[PDB]
Amino acid sequence: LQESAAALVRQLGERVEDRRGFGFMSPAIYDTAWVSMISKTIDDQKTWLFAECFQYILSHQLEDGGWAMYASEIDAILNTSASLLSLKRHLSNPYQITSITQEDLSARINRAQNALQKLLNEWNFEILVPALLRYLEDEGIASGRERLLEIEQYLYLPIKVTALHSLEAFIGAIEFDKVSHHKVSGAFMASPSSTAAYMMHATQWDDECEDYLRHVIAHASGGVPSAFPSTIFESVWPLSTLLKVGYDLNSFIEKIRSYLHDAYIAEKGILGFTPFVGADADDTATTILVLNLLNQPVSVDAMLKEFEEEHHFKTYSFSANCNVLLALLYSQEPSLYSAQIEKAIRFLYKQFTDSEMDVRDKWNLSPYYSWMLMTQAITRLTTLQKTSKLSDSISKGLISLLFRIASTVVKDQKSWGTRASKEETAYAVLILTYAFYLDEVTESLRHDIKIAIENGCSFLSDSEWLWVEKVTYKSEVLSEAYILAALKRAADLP
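Per PDB author numbering, the sequence shown runs over residues 6 to 129, 138 to 155, 159 to 168, 178 to 246, 251 to 280, 283 to 347, 354 to 428, 433 to 455, 459 to 505, 512 to 544.
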């Protein structure tokens, strides 16, 4: 149990020696579609740099002509459109890739065209779909996207933005030689698709970007992931998930905790999913929790005065708030940050009351995830209040909300999830292992909670596209972490 938990610490620890970083995100057809379009001038001859990505795109085409739907129709539309654009590009300029012809590729293009036509006729994300449609229409093939995907240059400054992850959607007008300064370890916000667009449309070829892309292709999970490296995210999300349920792994974790401490020191406490790629409230708060529960106190003020606003915590609206709440509740003196703890626990309750107990969580695609985080925070607050470590109507509402969550979850048991995913099942059973100890829960409700926990842990004992991203991705470390955390937390039940 703890050895498997330690393995996650070691897996982050073993990747510390790697200078580029670590990667646990699954490849996304969108990104490798953008990497398959890279052409390099070698010996005065233009050749496609990465034919393995082109083969990856060719091998993922479905019978209908489209690509994988993953978790949302936007995923299918994006993968199909990017892959079909790549097919058009390689039809126009086959160069040195003789695997595909000018007729088989034309047949593939027609199939993908009809598939995307069907998808658009069924469709009623924001900047990736219209951009892909424009790119496809510039190379043949005729409300749609232009009913909601029209809400909306700011990349020449050294300040990093989230558009460095989706730069491939701005090929129409962008000075990539100007964005070349936005290069860390040869990357562009760790997004292979953005670096692929850069290398395609850079005036001056950068061998460093080619080396980074080769590292990604040969060290990811030809298909490239959405973000690479993903060191801090894939290192601290498992550790925090294991630590919050009380996994004891302090004593190969040394190389992971030391690297995380170094990342905290260099990044001034605010950490993204990788070094020098940004900072999200969830990521930094989770890393702070990991350091605090790994016998190394770090002041939460580093993220507190970066990701705190009125009545809620920002993210650069639920997952960040609850992760910050959990980080605060596990600090050295949770009574000192009582104001922000109350702020978060009130904001989440208000959101639940205003959303009919149905709310999502930015990073994940399962409401079970939000219910799990809320149950964790509520039960930690209750335990602190009972033990007097942390000091009326709001509390009664919180207890009633936890009871309603427990009852609705019990009624929502299928085994859990709408797609038979272990992550959603783990979230749903973790939303009940913290609702089992409520003193206001009746005997029948408690029995139902125990039965649902048993039936969820049976399902638990593995990665599905539940983690949002330009294209939703599945990470093995996240799934394993939540499974282990739920199993241990249920094992703590009387």
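The beta carbon of each residue, even a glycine, is placed where N, CA and C say it ideally should be.
| Item | Value |
| --- | --- |
| Take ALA188 as the anchor and find which of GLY309, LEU164, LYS336 and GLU162 has the nearest alpha-carbon. | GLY309 |
| According to the neighbour-count rule (16 or more other Cβ atoms, all chains shown, within 10 Å of its Cβ), is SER502 buried or exposed? | exposed |
| Can you find the residues in the same chain that come closer than 6 Å, C-beta to C-beta, to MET74, ignoring five residues on each side of it along the sequence? | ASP80 and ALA81 |
| Looking at C-alpha atoms only, which residue of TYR181, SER210 and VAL186 is the closest neighbour of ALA198? | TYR181 |
| So what's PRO32 in DSSP terms, helix, strand or just coil? | strand |
| Write down every uninterrupted run of the alpha helix (DSSP H) in the stretch 364 to 394 whose length is 4 residues or greater and which is fully enclosed by it, in chain order. | 375 to 391 |
| To the nearest angstrom, how far is it from the Cα of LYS423 to the Cα of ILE440? | 14 Å |
| Going by DSSP, name the residue or residues bridged to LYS51. | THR46 |
| Within its chain, find whatever has a CB closer than 7 Å to the CB of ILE167; leave out the 5 residues flanking it on each side and keep chain order. | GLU139 |
| DSSP on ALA536, reduced to helix/strand/coil? | helix |
| Looking only at C-alpha atoms, which of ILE533, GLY153, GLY303 and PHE257 sits nearest to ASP314? | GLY303 |
| For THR522, tell me which candidate among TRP266, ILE497 and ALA256 has the shortest Cα-Cα distance. | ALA256 |
| For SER44, which of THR220, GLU78 and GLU152 has the nearest alpha-carbon? | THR220 |
| Please report the Cβ distance between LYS524 and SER513, rounded to the nearest whole angstrom; I am assuming they are in contact, meaning their Cβ atoms lie under 8 Å. | 4 Å |
| Taking C-beta to C-beta, are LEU362 and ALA414 nearer than 7 Å? | yes |
| To which residues does DSSP link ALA212 through a beta bridge? | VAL209 |
| Can you give the Cα-Cα distance for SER31 and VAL253, rounded to whole angstroms? | 8 Å |
| With 16 as the cutoff for other CB atoms within 10 Å, does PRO267 come out buried or exposed? | buried |
| Answer yes or no: do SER259 and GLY28 have a C-beta to C-beta separation smaller than 7 Å? | yes |
| Can you determine whether any heavy atom of the ligand MG sits closer than 6 Å to the C-beta of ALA12, and answer yes or no? | In the structure on display, the ligand MG does not appear, and there are no ligands present to speak of. |
| Suppose the cutoff is 7 Å on Cβ atoms and the five residues either side in sequence are ignored; what does the same chain contact list for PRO371 look like? | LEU365, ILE378, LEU421, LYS426 and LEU427 |
| Determine the extent of the alpha helix (DSSP H) in which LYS286 is found, giving its start and end residues. | 285 to 297 |
| Rounding to the nearest angstrom, what Cα-Cα distance links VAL241 and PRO217 in this structure? | 8 Å |
| Taking 7 Å as the limit between beta carbons, can you name the residues of its chain near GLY70, skipping five residues before and five after? | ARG116, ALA117, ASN119 and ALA120 |
| Measuring only the C-alpha atoms, how far is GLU68 from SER41? | 21 Å |
| Taking 7 Å as the cut-off, decide whether the C-beta atoms of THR346 and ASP311 are in contact. | yes |
| Give me the residue from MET225, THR486 and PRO183 with the minimum Cα distance to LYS51. | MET225 |
| So which of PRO183, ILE446 and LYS466 has the shortest CA-CA distance to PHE307? | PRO183 |
| Using the DSSP secondary-structure output, state which residues sit across from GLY153 in a beta bridge. | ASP151 |
| Could you work out which residue in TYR179, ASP151, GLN178 and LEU146 is closest to residue 249 when comparing CA atoms only? | This structure gives no coordinates for residue 249. The numbering of the chain moves from 246 immediately to 251. |
| Name the residue from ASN499, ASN98 and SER264 whose alpha carbon lies nearest to the alpha carbon of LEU54. | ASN98 |
| Counting along the chain, where does the alpha helix (DSSP H) carrying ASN115 start and finish? | 109 to 126 |
| With distances taken from CA atoms, which of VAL450, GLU484 and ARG490 is nearest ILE475? | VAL450 |
| In angstroms with no decimal places, state the Cα-to-Cα distance between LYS286 and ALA33. | 30 Å |
| For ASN84, does the count of other Cβ atoms within 10 angstroms reach 16, so buried, or fall short, so exposed? | buried |
| Consult DSSP for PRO217 and reduce its assignment to one of helix, strand or coil. | helix |
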